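Residue numbers (PDB author numbering), protein chains in the order written: chain Y, 17 to 42, 65 to 89; chain Q, 327 to 380; chain R, 20 to 70, 95 to 424.
The beta-carbon is built from N, C-alpha and C at its ideal position, and this holds for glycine as well.
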Amino acid sequence: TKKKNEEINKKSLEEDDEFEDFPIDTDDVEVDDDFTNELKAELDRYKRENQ
Amino acid sequence: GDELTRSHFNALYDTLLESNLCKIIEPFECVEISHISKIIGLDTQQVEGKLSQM
Amino acid sequence: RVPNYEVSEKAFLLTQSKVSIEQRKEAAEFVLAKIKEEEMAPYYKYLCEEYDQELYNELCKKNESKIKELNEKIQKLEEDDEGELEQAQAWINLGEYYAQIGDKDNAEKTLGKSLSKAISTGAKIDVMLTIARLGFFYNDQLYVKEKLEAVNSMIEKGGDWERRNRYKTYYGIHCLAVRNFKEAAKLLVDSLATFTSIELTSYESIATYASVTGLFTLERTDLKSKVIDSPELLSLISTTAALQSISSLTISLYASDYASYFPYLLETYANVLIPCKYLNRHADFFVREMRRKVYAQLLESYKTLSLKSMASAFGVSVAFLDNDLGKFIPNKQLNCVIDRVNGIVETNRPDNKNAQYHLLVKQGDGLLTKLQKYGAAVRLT
Numbered sequence: 017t018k019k020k021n022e023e024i025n026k027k028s029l030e031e032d033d034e035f036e037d038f039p040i041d042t065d066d067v068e069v070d071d072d073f074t075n076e077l078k079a080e081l082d083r084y085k086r087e088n089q
Numbered sequence: 327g328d329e330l331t332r333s334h335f336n337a338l339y340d341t342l343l344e345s346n347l348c349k350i351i352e353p354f355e356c357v358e359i360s361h362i363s364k365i366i367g368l369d370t371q372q373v374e375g376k377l378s379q380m
Numbered sequence: 020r021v022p023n024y025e026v027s028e029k030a031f032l033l034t035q036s037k038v039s040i041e042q043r044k045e046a047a048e049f050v051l052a053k054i055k056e057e058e059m060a061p062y063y064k065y066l067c068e069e070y095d096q097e098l099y100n101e102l103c104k105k106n107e108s109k110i111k112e113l114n115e116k117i118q119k120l121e122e123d124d125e126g127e128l129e130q131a132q133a134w135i136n137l138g139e140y141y142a143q144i145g146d147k148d149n150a151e152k153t154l155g156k157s158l159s160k161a162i163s164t165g166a167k168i169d170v171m172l173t174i175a176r177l178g179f180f181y182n183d184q185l186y187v188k189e190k191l192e193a194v195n196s197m198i199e200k201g202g203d204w205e206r207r208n209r210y211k212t213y214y215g216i217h218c219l220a221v222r223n224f225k226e227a228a229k230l231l232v233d234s235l236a237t238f239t240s241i242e243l244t245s246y247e248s249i250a251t252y253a254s255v256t257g258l259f260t261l262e263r264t265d266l267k268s269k270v271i272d273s274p275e276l277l278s279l280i281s282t283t284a285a286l287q288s289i290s291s292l293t294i295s296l297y298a299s300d301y302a303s304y305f306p307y308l309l310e311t312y313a314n315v316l317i318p319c320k321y322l323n324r325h326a327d328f329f330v331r332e333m334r335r336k337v338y339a340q341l342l343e344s345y346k347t348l349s350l351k352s353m354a355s356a357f358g359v360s361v362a363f364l365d366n367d368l369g370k371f372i373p374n375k376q377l378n379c380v381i382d383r384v385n386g387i388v389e390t391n392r393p394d395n396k397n398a399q400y401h402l403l404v405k406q407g408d409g410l411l412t413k414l415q416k417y418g419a420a421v422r423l424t
């Protein structure tokens, strides 16, 4: 009954369904950096070489 | 003349190369690399690469 | 034995759109072969989503034959009266028939009886091993964890060194799948020496895995000893592209060559990380770690460099280097400041008692937190 008290008082802030109102309405980030780097290294190389 | 001795002497070169350098820079701090280079009797750049490794 | 692992390795390739079209369709043939042969029809159903009626007939037949066979066989093995020998064996076999067709559910029930019913500790461990392999199969990791937690209790009970080895190698794979590489390495190096394969991948696979972890976690001195001078690696040379790439990277990392390091970075990505199932998901994460590590390595030995020197050495332009250093500086690993006006790369190193002071307070906040809540709970009760 301590637990029951918690859930009831809380309800008015939760209203109808602050639980399902919202969904009814609606290095790990960084992309493949291998590709960028591949191309960088060859673009450097080329110039280096013909200089 | 001794094939076993000869082999182990290249290795000896290398572990001793260390021994000489350490002794030279032990008292100093902020020692010029030119000073090291003369004593050991090996070129400037060669030494930089060894030291960086060490 | 061979399909039990091998199917998942190929299947993974197929899933992926990263893979070259040549590889994708090379694997496609391999998969289809083994379906018909091991009669995987239930499980095949699972995989098709993720990817003739004769197949189905092959199920229906093989099933009713295999079922009727084992039925009365098992029925008779229970009837004629002694459970130690026959009833225990019969449940093993029952789990195995479910594991072939990949029904997970009916195997949990059969291999569970075998464990409950009194038998040698050897006998217990051996049987559990199959359940864990089905977890690995399904590509659910947490299913493997619960089982292998039990297996670990029984390891020193039985005391067979044979099964201590086998246990190590399963737990090795589970850990390769999770981020945590630290436990993986320890287990993995020992197992190069020793492990007769059982319901898990070939020794060529296992070789590339020890090389990969070794780079990541190991201190410098210890990479040289245990890996380069490995008796195992040296005899095994390279009879595979994957093993070759990773080996080439190791030699330049140790030798402090930097020009060739970057070609090599790119190679291992193509030929190692994407074929391997477990390390595919960590492809981004690995290359990040490695790129911090090398930059770091060089900065440790130099108080200063100029931008031109450092960039020419790695083989990237000066502009490409600058954008990349500054990624990793606020995450703290390279420990360097950069002057733009004088072009210089300073390297600050102020790690001392200060470093260690911050680690202890942060982790400390967390022990306080847990404690407060469990205290409150019990007091009410």
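Of the residues the options, which one's Cα is nearest the Cα of residue i?
i                : options                                : result
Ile249 (chain R) : R:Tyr321, R:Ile198, R:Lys190, R:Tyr186 : R:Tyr321
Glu332 (chain R) : R:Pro318, R:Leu377, R:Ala313, R:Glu310 : R:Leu377
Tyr99 (chain R)  : R:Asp300, R:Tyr63, R:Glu68             : R:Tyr63
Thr153 (chain R) : R:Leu276, R:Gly138, R:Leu316, R:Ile144 : R:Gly138
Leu230 (chain R) : R:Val221, R:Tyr210, R:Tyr246, R:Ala220 : R:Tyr210
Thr282 (chain R) : R:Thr293, R:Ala302, R:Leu266, R:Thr251 : R:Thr251
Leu309 (chain R) : Y:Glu34, Y:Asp72, Y:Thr17, Y:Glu30     : Y:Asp72
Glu25 (chain R)  : R:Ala362, R:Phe179, R:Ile294           : R:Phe179
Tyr307 (chain R) : R:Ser299, R:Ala298, R:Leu316, R:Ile289 : R:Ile289
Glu107 (chain R) : R:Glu58, R:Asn323, R:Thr311            : R:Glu58
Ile351 (chain Q) : Q:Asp340, Q:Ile365, Q:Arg332, Q:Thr331 : Q:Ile365
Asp65 (chain Y)  : R:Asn374, R:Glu56, R:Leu277, R:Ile144  : R:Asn374
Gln96 (chain R)  : R:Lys55, R:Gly418, R:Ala161, R:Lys109  : R:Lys55
Are residue i and residue j closer than 8 Å when you measure CB to CB?
i                : j                : result
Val170 (chain R) : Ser157 (chain R) : yes
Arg206 (chain R) : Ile168 (chain R) : yes
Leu102 (chain R) : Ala52 (chain R)  : no
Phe357 (chain R) : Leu364 (chain R) : yes
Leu296 (chain R) : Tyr338 (chain R) : no
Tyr141 (chain R) : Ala150 (chain R) : yes
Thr311 (chain R) : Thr347 (chain R) : no
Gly257 (chain R) : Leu243 (chain R) : no
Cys379 (chain R) : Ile372 (chain R) : yes
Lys18 (chain Y)  : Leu423 (chain R) : yes
Please classify residue i as buried or exposed, where buried requires at least 16 neighbouring CB atoms within 10 angstroms.
i                    : result
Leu177 (chain R)     : buried
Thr173 (chain R)     : buried
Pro274 (chain R)     : exposed
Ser378 (chain Q)     : exposed
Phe31 (chain R)      : buried
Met380 (chain Q)     : exposed
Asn75 (chain Y)      : buried
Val357 (chain Q)     : exposed
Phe329 (chain R)     : buried
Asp82 (chain Y)      : buried
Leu411 (chain R)     : exposed
residue 71 (chain R) : In the model shown, chain R runs from 70 to 95 with nothing in between, leaving residue 71 (chain R) without coordinates.
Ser254 (chain R)     : buried
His334 (chain Q)     : exposed
Rounding to the nearest angstrom, what Cα-Cα distance links residue i and residue j in this structure?
i                : j                : result
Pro22 (chain R)  : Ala133 (chain R) : 23 Å
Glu41 (chain R)  : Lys29 (chain R)  : 13 Å
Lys104 (chain R) : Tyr186 (chain R) : 31 Å
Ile198 (chain R) : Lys188 (chain R) : 15 Å
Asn195 (chain R) : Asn223 (chain R) : 19 Å
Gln287 (chain R) : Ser355 (chain R) : 26 Å
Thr293 (chain R) : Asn314 (chain R) : 15 Å
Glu48 (chain R)  : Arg20 (chain R)  : 19 Å
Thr239 (chain R) : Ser303 (chain R) : 37 Å
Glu69 (chain R)  : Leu341 (chain R) : 44 Å
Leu402 (chain R) : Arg43 (chain R)  : 46 Å
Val384 (chain R) : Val361 (chain R) : 14 Å
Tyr301 (chain R) : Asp41 (chain Y)  : 54 Å
Whose Cβ in chain C lies nearer than 7 Å to the Cβ of residue i?
i                : result
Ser352 (chain R) : Of the chains in the structure shown, none is chain C; the protein chains are Y, Q and R.
On the three-state DSSP scale, how would you describe residue i?
i                : result
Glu68 (chain Y)  : coil
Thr239 (chain R) : coil
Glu30 (chain Y)  : helix
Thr283 (chain R) : coil
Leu322 (chain R) : coil
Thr424 (chain R) : coil
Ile317 (chain R) : coil
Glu80 (chain Y)  : helix
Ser27 (chain R)  : helix
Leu261 (chain R) : coil
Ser36 (chain R)  : coil
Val388 (chain R) : strand
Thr412 (chain R) : helix
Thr17 (chain Y)  : coil
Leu266 (chain R) : helix
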